[PDB]
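Here the structure comes first, spelled out in structure tokens, and everything after it is commentary.
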Amino acid sequence: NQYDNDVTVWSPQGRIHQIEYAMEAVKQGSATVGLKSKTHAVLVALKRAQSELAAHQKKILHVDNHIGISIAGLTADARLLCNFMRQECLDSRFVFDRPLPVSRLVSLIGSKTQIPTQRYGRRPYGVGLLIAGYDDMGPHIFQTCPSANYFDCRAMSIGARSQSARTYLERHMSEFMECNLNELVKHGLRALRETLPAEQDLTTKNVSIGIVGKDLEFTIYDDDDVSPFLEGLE
Amino acid sequence: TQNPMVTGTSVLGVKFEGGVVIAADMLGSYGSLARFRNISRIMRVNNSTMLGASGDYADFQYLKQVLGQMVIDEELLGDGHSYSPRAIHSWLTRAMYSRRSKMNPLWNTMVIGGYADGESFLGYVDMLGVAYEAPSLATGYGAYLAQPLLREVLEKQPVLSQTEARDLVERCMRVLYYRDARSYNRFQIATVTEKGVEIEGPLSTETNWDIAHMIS
Amino acid sequence: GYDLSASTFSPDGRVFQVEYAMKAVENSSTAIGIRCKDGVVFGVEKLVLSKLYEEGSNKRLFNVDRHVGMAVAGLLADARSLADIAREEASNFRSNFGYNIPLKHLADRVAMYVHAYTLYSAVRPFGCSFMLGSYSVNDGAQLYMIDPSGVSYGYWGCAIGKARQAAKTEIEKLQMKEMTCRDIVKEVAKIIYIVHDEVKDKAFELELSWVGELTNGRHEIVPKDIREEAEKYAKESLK
Amino acid sequence: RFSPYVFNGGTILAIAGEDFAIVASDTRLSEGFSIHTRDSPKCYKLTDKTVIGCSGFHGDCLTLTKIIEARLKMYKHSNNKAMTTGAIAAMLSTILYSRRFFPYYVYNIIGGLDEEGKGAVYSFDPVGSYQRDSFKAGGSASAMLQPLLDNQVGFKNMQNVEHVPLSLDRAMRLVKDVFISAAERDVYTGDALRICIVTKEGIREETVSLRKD
Amino acid sequence: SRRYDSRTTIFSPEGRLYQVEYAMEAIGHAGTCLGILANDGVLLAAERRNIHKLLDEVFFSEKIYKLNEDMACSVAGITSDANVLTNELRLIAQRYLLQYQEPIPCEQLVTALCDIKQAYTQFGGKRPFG
Amino acid sequence: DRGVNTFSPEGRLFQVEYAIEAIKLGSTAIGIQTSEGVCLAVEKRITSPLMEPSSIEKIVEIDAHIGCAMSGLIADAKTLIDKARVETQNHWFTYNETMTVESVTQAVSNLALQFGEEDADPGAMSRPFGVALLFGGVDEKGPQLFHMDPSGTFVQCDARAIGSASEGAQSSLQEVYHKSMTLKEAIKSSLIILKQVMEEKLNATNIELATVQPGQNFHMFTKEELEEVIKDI
Amino acid sequence: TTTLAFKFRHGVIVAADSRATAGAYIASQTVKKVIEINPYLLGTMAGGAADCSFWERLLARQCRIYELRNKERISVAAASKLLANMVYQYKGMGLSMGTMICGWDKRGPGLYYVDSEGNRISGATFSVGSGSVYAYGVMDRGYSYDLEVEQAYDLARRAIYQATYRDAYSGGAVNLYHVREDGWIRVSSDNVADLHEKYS
Amino acid sequence: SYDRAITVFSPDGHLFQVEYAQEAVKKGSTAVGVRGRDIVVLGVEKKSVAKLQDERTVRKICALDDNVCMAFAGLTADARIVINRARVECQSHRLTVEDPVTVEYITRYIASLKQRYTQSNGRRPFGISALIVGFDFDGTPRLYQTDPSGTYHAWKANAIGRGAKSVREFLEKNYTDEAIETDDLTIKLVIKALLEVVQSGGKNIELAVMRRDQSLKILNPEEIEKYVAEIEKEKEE
Amino acid sequence: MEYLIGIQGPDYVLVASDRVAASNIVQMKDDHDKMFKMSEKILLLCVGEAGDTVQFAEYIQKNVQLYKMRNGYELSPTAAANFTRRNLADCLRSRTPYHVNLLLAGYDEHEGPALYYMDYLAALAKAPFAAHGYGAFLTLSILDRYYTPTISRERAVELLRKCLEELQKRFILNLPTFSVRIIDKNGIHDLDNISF
Ligand SMILES: *[B]([O])([O])[C]([C][C]([C])[C])[N]C(=O)[C][N]C(=O)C1=[C]C(Cl)=[C][C]=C1Cl
Ligand SMILES: [Cl-]
Ligand SMILES: [Cl-]
Ligand SMILES: [Cl-]
Ligand SMILES: [Cl-]
Ligand SMILES: [Cl-]
Ligand SMILES: [Cl-]
Ligand SMILES: [Cl-]
Ligand SMILES: [Cl-]
Ligand SMILES: [Cl-]
Ligand SMILES: [Cl-]
Ligand SMILES: [Cl-]
Ligand SMILES: [Cl-]
Ligand SMILES: [Cl-]
Ligand SMILES: [Cl-]
Ligand SMILES: [Cl-]
Ligand SMILES: [K+]
Ligand SMILES: [Mg+2]
Ligand SMILES: [Mg+2]
């Protein structure tokens, strides 16, 4: 109460209410899912549409040839962070002529996003990211939070009703490593489908897909390009 | 540096099957004075990469400091990624170009040798940011005296064994001792293979002075 | 109220914002360090909040210099930022003075940086405590611990986080001065298993690191097979 | 007086056809009276539709191509499409002019396909002046190549000749001939000729041997 | 820090600037000070507050300040504030003389100081001059 | 009182939520995208007959291929519009091509959360912009309409209303819209809807209408062209 | 280079050659030296090719912004002044630019000479570039405010042509434009080798 | 430097500092503007009267440049800052474009200055509205109004300050092609509009006129009370 | 190359300036005006380096006009001359010096006519007559020979004409036409150009 307006104010229970509140921005975003096999990393996102005549918000963003992200939370903060990730990747190619390792990029985000949590008048980033990448250490799915903490994941879901998607992903994760791409994307789509009201389904209007791996630069599939993946959820 | 002070002369490099060898004498010259006769002008950068430098030795020591600390910083993370020989060569290209573009160069010409993922790497970078790769390299007077011998051998036989590359480097170092007034007959040879980087020395070449009696 | 700013003393002379930050540490799971005859061993009870995470996610053991390890408890993003401060202080020391930073000096420098965040309304105290460990032939084994106020002391044994006192009471049973690192890792694993409340928190990973004569003064992860043996010794010791 | 520039040689050429573009360069990298390497081409792929040739001071060639590469990604990120040949050319003009008071010592020629699938050539001076050409030679032997191209591609100074369209197979045969002639007389041009052919199907590469002296 | 900022340069709900009004209350309690224009001159007459027996009488006045060759002022309010403003008045008048090589016209001097006072009511977060 | 960058317990920035409420004080504006072009229509909201109606400009040209309709606190829209204009001209300068509608909208949207009082320049933005914007234009994607609000969120819409009566108007848009609709039908539809929702009787001086079409540049309707369309409605 | 322009009863004629040179090397015969700033305003280029084309393109950007902000066409006076104020900051730094800004606005036909030395002047006729002295001679002996349109085209064409004949640094083609009250038009492009055939 | 955020949103979209600045305007002296056919007229109330005042020193009507002038209502010290900024800007325009400003240009400049002081750290908004009048290069007469929010519009006639509501009501019924057919009737329309709100009419109306090219004439009390009598005796009839 | 002349009589100042703008070997304009109106009774005549001359003259002009708008009355000639001086001197050792030579002519209600001379170093001198340019070398002695303090305005135009005829005869440059203006109690008057 007196402890909940400033990111510099610790509460007496050793919490920072502004960081917790910023995490609510991510829990109210639309769901997204990330998973990986031995060879590919996949992102699947639900796009929320403001009206029946609106396009559906972009949820998946290109970072570099080997890295893409999925977003939940404040879109403007997502773009600011995505721009920082882009620039760190461009810098590593410029200086070293090789892709920035995914875990090093994620450490950069952690360090960047921590700073405003400790200075008066600043605020946390109100965005959570799932990060799909491929490098010398194989495929990766990472998760970042407004607290500046980050996590290396076998699979993950964030956003609204993401708990259902996580439960699905726990249930089938022993299968993921050995899956071909098609199997892996289907698993991502089924996890995402658990987040929906019983009426409603995955369609070409509301689903977005991002894939990167051993043979495949980060690529986004929308609209008519998702139809192949949606057919034969059989 | 506007005015180089203590300097080193040629560095040689040649790729062989399974690795790369570089050579450099152990002399820091101060003008024509052979001042510091036991200095290493080669650096082990990491397990896959080595560097030889001509030109200003203090500038080399600065690069050693900076590059060494960068390799430490990367090893602290323990994350399975290391700088390749190519990445180091890129970094150096950028650093040298940048210093040139401030009109304050690092007064060096360098030879980066490495072995990574079954490929030999050999690359040049100069104080202006001129950089390239080649099957053999030679800076300074080496460009005139050593490189012709290197390239002539490499044309007749592009793939050299380790012991052939080493014999060929010794021959070039002998010629340089004969004909470069800033050379010295005390050198190091550094080799990178699958097993890592080894620096040998101090070494000397045999010399022949028979021609001293063929004037009349 | 007197507890909103690190630039405000209470009427009894306390700085409640520092004390609240300390509570963040005291809520976290337990980390231990033990100094022994030939080095320092760290152990962490790393609580696994989801089975979806990879083994190794959210490490609490860091290399801050080739000869220095760091073990943290508290808010992890603050601890990582402190690891980066420590890394930079070690790096800048080597660049300026030309040798590896002595442990005590590294501990005192980062402690002063931590302390700077306990004076002002403009910033908040770090919500973390951390241990620094090293070994060299010249300096022996050294283990320091720094808290959110910026106090720094040296220790034979140390524990931070929520089972701190239970941990310390077990650590006091060891004659650590006469033990080697190889013997101590087992005892570290044992003590983490003792103080772990298996009813209240279901799943954890043991994280182990060391620095000592046996690593040639380099801070390193304990190898997988040694860690597995240590866990098995701890688990059967729990019997 | 440290000089920040050195001349490293190199000859570039581009030709626009109806449905193709050729960008060619020799592969020698020189300095002073020496050869650095016989295998350093001067052409760089930018997109599937656009190749750039760069010669002059190699330090600046390297830097500038790296800046172009970064800026192509930046464009694609903020506009969600690859840069066109024309937009690359306009951009390069501004990158060159940013250094108006410490120039990139580089001669640039862009070859590629325009937005109707026709061959397009843009030629630049070091500080960013440019225009669209039908063909253009640049670099060390440019004065040797350009007149022959004027005559044989532009049909200049000829009477009683049908102005036919330039086929790929005649353009190729021209490109190999002019480089061979340049390698006779320009000390900097030699070793090998690298040719990139840009068409709707993609970019392909030929290489031809040149004199090594 | 937002908790401690008393917000001296903001409007109240009726469009008022309270610090300004409160400063005007301080002035109304200071020594009375009058000015009278005539055909052959102008005058200032002021109540002295410095009247204790043991005061030493060392300056030519208490509250009358010469500003330049052609101008003087008197003040009512916080004395130390008046010392700052009169010093700034003298500076302005000399900046004008430097630049134009003629004396500052009276109204231009007054306006120039008043723009400083205005600025203290609009930005900076400081108390106005009393 | 709390800072301008304070999150609520629901995870929203108070100042952004309050800026979004200020949009509801604006006049209604409508945008419709068809395969033949986009139209933008807006209620002027004349408050006195002594006011000059042509001095109310709630639709503005960004570039020849892009117009913009606004609602909310109109004075706040000026720096946004100017930024859109400068960006499209920079892009033309650098790349010798027209900037896409999406890209203009993105560039503007990157301003939205750039407010706050202890990172920034000696007097930077203290608060968000109280404005919503419809960008309507034609690029190589064809005709396009994008919406942007004070959160910085932007999105393509087939049709969209903003301002005071936007619920209401948006329902009628759901009702009348179809992907194959012509531009002339979209013009009539948007005036019929403005006519419903406006407090005042619609006429040719208290509204504005503009179009952009693949053929043709940004075009503000004249009085006479408005009068012609008003006859059917 | 040779460029020229003149005001007359029917607007303003603008002409140029098309040659670029790098020392004595002819780099192009096909340079467009007349820049279309907007449909009512032309700029000409002489001096440094990069300098002219950068700063005139920047002028075009600024004129467009001006038009968007103010809801009216920029005047020829204001356009020429924008350019003058932009280059003035750079005096002494080695910019080389000599331009004519040519339009028709509310004061009628407009013509200003602007250069990198800092000059900005209005006038009835100007020629700029290394061939300007040759162009002046012919332009001056034929010029009149009451030239018929076709006589004016003939004069501009012939003046540039004669400059291409004497001046080693001018050649290629003569490119001719006419600014009229409703906009400029491109009137012709004649190769100098074809004009030679015709003028004898 | 002081960076506090002063103007912020409140629940329901209000900008309280701007609303409070508008309250300051409402307590200012009434100002009226009418755009004639070939004249523009400003008139303003009072403000305090007072026999010992030097009348010259407190005018609320101000030249910005030879062809543009303004009246204001609200905080007079704030107005002086705006007026001097607008005067500097008129001289920049003449410098860079070599035309005098249009009335719309300078209005747009003033409005955006005002808007910036509603959206910048460390500052409160200006507590003034302005009526800005003059002629464009082509002879067209103009009347614009700005308010503390930075909004601006053109008007045929308008009032700001205390009693603006009723003065605007009067202008709405009385502003016709007839009432501005000549210079005298345009001037009389302004006086009549003031004489509705003006306490001890009048006495304390200040008035100024701008004719196409002829530059700002302030009327003297002798010239004003001529019009006052000439209107008061007409209203008997 | 540019010529300026001023002659101050008992109640007026007469000024003239050449009308050539030249570049390399060509006159590019023959009706150029080197005078800038600062106020109703003040002309600044400014020559010197290209770009610096207009930028400097117009800055001063705009600031003199601003003073009028802020204060309701005009700067006197003397105050304007000193303002001009302070700016020029203050820039002399700066990163942006202005290479300009000037005459300032004015009529003050109370001081009468004034003519001021300034060089690029910003030395300011009041003078009864003065001139700038290479042409000054051939005409100042004609002014010393024939000027008197009570010279009437008709005779000042004659004296001016003698100077301008001397440039035609003796000066190597082609300066065929001159702008002429007079300032007095009733402001600035354009006279006819003196041409050859
Ligand atoms: B003309 O002034 O003779 C002409 C006008 C331009 C617009 C073409 N100028 C030139 O040809 C001057 N040359 C160059 O600017 C130049 C410099 C360099 Cl470094 C390389 C090529 C060229 Cl074209
Ligand atoms: Cl979301
Ligand atoms: Cl959002
Ligand atoms: Cl977290
Ligand atoms: Cl979530
Ligand atoms: Cl030594
Ligand atoms: Cl080493
Ligand atoms: Cl603890
Ligand atoms: Cl004085
Ligand atoms: Cl004085
Ligand atoms: Cl809305
Ligand atoms: Cl042409
Ligand atoms: Cl503008
Ligand atoms: Cl002029
Ligand atoms: Cl401002
Ligand atoms: Cl009002
Ligand atoms: K050759
Ligand atoms: Mg040879
Ligand atoms: Mg200068």
Side-chain angles (χ1 to χ4, degrees), chain E residues 107 111, chain H residues 29 31-36 38-45 55-73 76 79-80 82-91 93-94 99-107 109-110 128-136 138-146 154-155 157-160 180 182-184 186-187 189-191 193-194 207-213 215-216 218-221 224 226-227, chain I residues 37 39-41 62 64-75 187:
Chain E
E107 192 170 10
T111 306
Chain H
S29 297
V32 182
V34 6
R35 194 191 79 203
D38 44 32
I39 193 180
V40 290
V41 189
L42 297 166
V44 1
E45 164 178 48
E55 337 198 340
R56 185 186 67 68
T57 65
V58 296
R59 291 166 193 173
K60 305 206 191 300
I61 301 166
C62 299
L64 302 181
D65 202 345
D66 300 318
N67 71 303
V68 193
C69 61
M70 71 168 262
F72 69 88
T76 54
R80 194 182 57 252
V82 172
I83 291 159
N84 290 311
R85 293 288 301 273
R87 281 160 171 173
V88 169
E89 183 59 25
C90 286
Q91 303 303 321
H93 195 261
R94 282 178 187 284
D99 263 327
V101 295
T102 55
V103 177
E104 205 229 274
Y105 179 89
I106 196 67
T107 291
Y109 171 87
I110 289 159
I128 67 136
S129 303
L131 300 170
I132 301 151
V133 294
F135 295 79
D136 298 336
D138 68 333
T140 315
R142 306 285 187 188
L143 167 62
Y144 280 89
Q145 188 226 303
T146 60
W155 294 79
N158 205 11
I160 54 176
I180 67 168
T182 183
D183 287 6
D184 283 327
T186 312
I187 290 158
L189 174 59
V190 175
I191 299 157
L194 268 49
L207 211 134
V209 153
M210 193 162 286
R211 289 199 174 75
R212 189 176 299 110
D213 308 303
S215 78
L216 183 72
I218 82 165
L219 317 192
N220 55 315
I224 269 305
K226 170 209 158 93
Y227 289 99
Chain I
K37 178 178 166 183
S39 81
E40 295 318 284
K41 297 180 230 273
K62 288 325 103 117
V64 173
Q65 279 297 307
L66 178 60
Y67 183 101
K68 185 187 75 157
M69 295 304 157
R70 295 167 103 108
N71 298 310
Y73 44 83
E74 290 169 333
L75 280 169

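Below, each value reflects all heavy atoms present in this structure, side chains not excepted, and no hydrogens, waters or symmetry copies. Within every chain, numbering begins at 1; the chains are lettered A, B, ... in the order of the sequence lines, protein sequences first and strands thereafter.
Between H:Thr186 atom OG1 and H:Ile39 atom CD1 the span is 6.0 Å, to the nearest 0.5 Å. For the atom pair CG (H:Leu131) and CD1 (H:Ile61), the distance works out to 9.5 Å, reported to the nearest 0.5 Å. Rounding to the nearest 0.5 angstrom, the gap separating the CG atom in I:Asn71 from the CD atom in E:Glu107 is 8.0 Å. Remark: H:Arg94 CZ to I:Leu66 CG distance equals 12.0 Å, nearest 0.5 Å. Rounding to the nearest 0.5 angstrom, the gap separating the CG atom in I:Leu75 from the CD atom in I:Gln65 is 10.0 Å. H:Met70 CE to H:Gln145 CD: the interatomic distance, rounded to the nearest 0.5 Å, is 11.0 Å.
For H:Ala157, the side-chain contact (heavy atoms from CB on, under 4.5 Å) partners at least two apart in sequence or on another chain are F:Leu50, H:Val34, H:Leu171, H:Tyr175. Residues that satisfy the side-chain contact (heavy atoms from CB on, under 4.5 Å) test with H:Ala154, not counting sequence neighbours, are F:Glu52, F:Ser55, H:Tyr144. Looking at residues two or more places apart in sequence or on another chain, you find a salt bridge (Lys or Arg N to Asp or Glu O under 4.0 Å) between I:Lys68 and H:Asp66. Here H:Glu89 pairs with H:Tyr105 under the side chain to side chain donor-acceptor pair (under 3.5 Å) rule; sequence neighbours left out. Residues satisfying the side chain to side chain donor-acceptor pair (under 3.5 Å) test with H:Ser129, not counting sequence neighbours, are none. Take I:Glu74 and apply the salt bridge (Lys or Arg N to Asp or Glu O under 4.0 Å) test, not counting sequence neighbours, and it matches no residue. Applying the side-chain contact (heavy atoms from CB on, under 4.5 Å) rule to H:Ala73 yields the partners H:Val25, H:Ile160; only residues at least two apart in sequence or on another chain are considered. Residues passing the side-chain contact (heavy atoms from CB on, under 4.5 Å) test with H:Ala86 are H:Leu64, H:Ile106, H:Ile110, sequence neighbours excluded.
When side chains are defined from C-beta on, H:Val88 counts as touching I:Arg70, because their heavy atoms get closer than 4.5 Å. H:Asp136 is listed as a side-chain neighbour of H:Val103, based on a closest heavy-atom distance under 4.5 Å. H:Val58 places none of its side-chain heavy atoms less than 4.5 Å from the side chain of H:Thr76.
Closest approach of H:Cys90 and H:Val101 over heavy atoms only: SG-CG2, 3.7 Å. Among all heavy-atom pairs drawn from H:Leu42 and H:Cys69, the shortest one is CD1-SG, 4.0 Å. Listed here is the closest heavy atom pair of H:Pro141 and H:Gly36: CG-O, 3.6 Å. Smallest separation of non-hydrogen atoms from H:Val32 and H:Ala159: CG2-CB, 4.1 Å. Between I:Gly187 and I:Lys41, the closest heavy-atom pair is CA-CG, 4.1 Å. Shown here for H:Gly134 and H:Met210, the closest heavy-atom pair between the two residues is CA-SD, 4.1 Å.
Not one N or O on the side chain of H:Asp65 forms a donor-acceptor pair closer than 3.5 Å with the backbone of H:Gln91. Within the 3.5 Å criterion, the main-chain N or O of H:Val40 finds no donor-acceptor partner in the side chain of H:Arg142. Side-chain atoms of H:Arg212 come within 3.5 Å of backbone atoms of H:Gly139 as a donor-acceptor pair (strictly under, hydrogens ignored).
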*Go through H:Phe135 and H:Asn67 one step at a time and tell me if the side chain to side chain contact (heavy atoms under 4.5 Å, CB included) criterion holds.*
CA-CA 6 Å; H:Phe135 295 79; H:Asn67 71 303; 5.8 Å; no
*Applying side chain to side chain contact (heavy atoms under 4.5 Å, CB included), run through H:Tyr227 and H:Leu219 and close with a yes or a no.*
CA-CA 11 Å; H:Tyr227 289 99; H:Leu219 317 192; 4.1 Å; yes
*Report the C-alpha distance between H:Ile128 and H:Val82 in whole Å, list the side-chain angles of each, state the deciding distance to 0.1 Å, and finish with yes or no for side chain to side chain contact (heavy atoms under 4.5 Å, CB included).*
CA-CA 9 Å; H:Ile128 67 136; H:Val82 172; 4.2 Å; yes
*Just do the side chain to side chain contact (heavy atoms under 4.5 Å, CB included) check on H:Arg211 and H:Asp183 with the steps written out, would you?*
CA-CA 9 Å; H:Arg211 289 199 174 75; H:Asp183 287 6; 2.7 Å; yes
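Under 3.5 Å, the side chains of H:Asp184 and H:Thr182 contain no donor-acceptor pair of N or O atoms.
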